[PDB]
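Participant: Before I ask anything, let me first share the structure, which is written out below as structure tokens.
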Amino acid sequence: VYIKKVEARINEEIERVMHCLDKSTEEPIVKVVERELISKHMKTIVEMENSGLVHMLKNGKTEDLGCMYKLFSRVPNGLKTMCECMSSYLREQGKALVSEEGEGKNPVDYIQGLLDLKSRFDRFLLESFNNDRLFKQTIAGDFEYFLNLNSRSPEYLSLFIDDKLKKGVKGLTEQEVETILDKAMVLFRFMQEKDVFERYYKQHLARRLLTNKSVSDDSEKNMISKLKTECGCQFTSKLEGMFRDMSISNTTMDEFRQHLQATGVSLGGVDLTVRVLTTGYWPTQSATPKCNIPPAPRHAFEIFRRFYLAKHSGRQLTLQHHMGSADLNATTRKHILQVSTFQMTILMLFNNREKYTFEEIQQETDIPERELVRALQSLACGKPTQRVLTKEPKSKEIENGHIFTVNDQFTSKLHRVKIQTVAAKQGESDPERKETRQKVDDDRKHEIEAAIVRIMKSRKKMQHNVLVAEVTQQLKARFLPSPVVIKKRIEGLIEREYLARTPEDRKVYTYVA
Amino acid sequence: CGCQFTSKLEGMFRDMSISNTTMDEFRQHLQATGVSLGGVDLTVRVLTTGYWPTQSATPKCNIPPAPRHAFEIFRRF
Amino acid sequence: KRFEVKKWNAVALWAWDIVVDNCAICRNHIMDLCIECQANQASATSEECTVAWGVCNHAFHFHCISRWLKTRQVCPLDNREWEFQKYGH
Ligand SMILES: [Zn+2]
Ligand SMILES: [Zn+2]
Ligand SMILES: [Zn+2]
């Protein structure tokens, strides 16, 4: 209530001075009144206690913020401390929100809460601060400061955008989707470490394009357009390139169907939804888990590979199992199951002969280690009341001598029932996090070398630390400079030609190829 | 008449065209699938609800076994 | 039978002319150093020499393809312009 009282006092003082005194009579009077009231109440009334500035902002009092902004704008150095206190509150809220101590947090919920806080602050700014530049600059700096603190925030942002892009169940119409995408990209604007963000976005693209299609079919253009007005023309190009790879893949599916129909409709490859991708675009470098392919799929894959190897001369079709899906027609009704190319071999072995165990599915199949355990656990352990592979030794841990059986489980009300044990709650275990961190570290280590060999060929030479500032400025918007890493890496090229950058002869550098 | 209902007439003619394309493609895919012998000489047709007045498309009745298998194969495809 | 597979949705990977047995630039191998590295340890500090992958799915040593960027860079195994799409085998 003090602000309203002081505003009324100022209004009555100015009315009296303009009506009861001379014509101008206001400059020294208003200046001294401001210097006495605001310059003395500014330090203590906004920070001490009992609904100052922080509390009146936490509860969401729009009128209080508006009147404080309209009052403190007259006196210099008022907006400075106002924004300082606002930034302190923002830092406190972020630290309370970006807290890492404690496992079991939902990344999508975390990103949603961060976006809600950003939207709340933007609404407060628009309603009270009248879009002041200083407040926007302070909040942008605060976001850059507390968001870059965590290096796992880009991953959570990517998970949130994947959750929003997989299906528009929430917000069926397009206006709210557009607003939420704009808010998400605004939040990403005040974020560093774009390399991990791009890597995880590409991984999410691979996950969503190599699974059931028809997710949005239109929002991909919006996503790439936003990524060209935010990231630019760098890896968004490779994203659209792997989309074109999907296009080429579907052209191949239809042409191979036509060719099979002409050479006797393939019975083994009745519905061969085979796909063709390139190694460079999609992160399929681990595409060699040699394991027995079921008789009919084996022949189908051989026919498809023969058709493809000829079609485009030199198409070495490597075999892999860690991608794709299938529809297993089971059979009182005929309900069709679903296997994501992980349970096909075990189920085929069961069809050949039932009453198998771990030794049987580990001896005569040439199976890997980790994926075997994952698939076995998905098929047996942690299953709701729709089990398709039961066992007698009911236990959590996996034994060796356990017999496998099958249950009817008529709870499925349709003919197309799928077991979606994969893509569970986001755990982000230590091994996968470590391997992706190593991958992104190598990516940065090669990117810095590519930049230094692309830029310094047409620039001047450095003596001690001249060109490193330029190479860090060029990568300021990408990630941290990492001075020790770049310093250790720039001295590794001296072993051979093409700008060896001799340390002893640093006076001049070889401007040759 | 002009261009009021003639366009929809040629549209249902195109629906017939789409239907015959579906007949030949399903015949080709029949040899590929052919779960049983129910899918023999099949002359199935595909039309749209808007063009043809087939709004009364819900007689829920049993089907003979060979037609049952043929319909199941067509639905799966 | 009790379970019969109806649909299969596999994904096929392919490469143009990587020649695992030999770098098309250096003719040593896809791995195991290059012509300008020779000794594996020497002074390498974890052997920065890696395998470079382009948009044309052709694979050479990163050192092998870095020496060709100075002059014409047309991925001499085809007409496509060489890019850098993947590092490490
Ligand atoms: Zn080589
Ligand atoms: Zn080398
Ligand atoms: Zn090439």
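The residue numbers of chain C are those assigned by Swiss-Prot, with the residues present covering 20-108 sequentially.
Looking at the header, which is where the method is noted, we find electron microscopy, 7.4 Å.
Each Cβ is built from the backbone N, Cα and C atoms, and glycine gets one as well.
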Participant: Can you tell which of C:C68, C:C94 Swiss-Prot lists as binding Zn(2+) 2 with C:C53, C:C56, C:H82?
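Facilitator: Zn(2+) 2 site check in Swiss-Prot: besides C:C53, C:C56, C:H82, the record includes C:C68 out of C:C68, C:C94.
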Participant: Which of these binding-site residues has the least crowded Cβ, counting other Cβ atoms within 10 Å: C:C42, C:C53?
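Facilitator: Fewest other Cβ atoms within 10 Å, among the binding-site residues C:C42, C:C53, is found for C:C53.
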Participant: For ligand 1, pick out the binding-site residues C:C56, C:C68, C:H77, C:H82, C:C94, C:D97 that have a CB under 6 angstroms away from one of its atoms.
Facilitator: none
Participant: Where the criterion is a Cβ under 6 Å from an atom of ligand 3, which of the binding-site residues C:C53, C:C75, C:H77, C:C83, C:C94, C:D97 meet it?
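Facilitator: C:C75, C:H77, C:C94, C:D97, in sequence order.
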Participant: How big is the gap, in Å, between the Cα of C:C45 (Zn(2+) 1 binding site) and that of C:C53 (Zn(2+) 2 binding site), rounded to a whole number?
Facilitator: 6
Participant: At the level of the C-alpha atoms, what whole-angstrom distance separates C:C53 (Zn(2+) 2 binding site) and C:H80 (Zn(2+) 1 binding site)?
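Facilitator: That comes out at 7 Å between the alpha carbons.
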Participant: For Zn(2+) 1, what surrounds C:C42, C:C45, C:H80, C:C83 with a Cβ no more than 8 Å from their Cβ centroid?
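Facilitator: After dropping the recorded site residues, what remains is C:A43, C:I44, C:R46, C:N47, C:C53, C:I54, C:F79, C:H82, C:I84.
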Participant: Go through C:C68, C:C83, our binding-site residues, and report the one whose Cβ sees the most other Cβ atoms within 10 Å.
Facilitator: C:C83
Participant: May I ask which of the binding-site residues C:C42, C:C56, C:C68 is closest to C:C75 (Zn(2+) 3 binding site) if we compare their C-alpha atoms?
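Facilitator: It is C:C42, whose Cα lies nearest.
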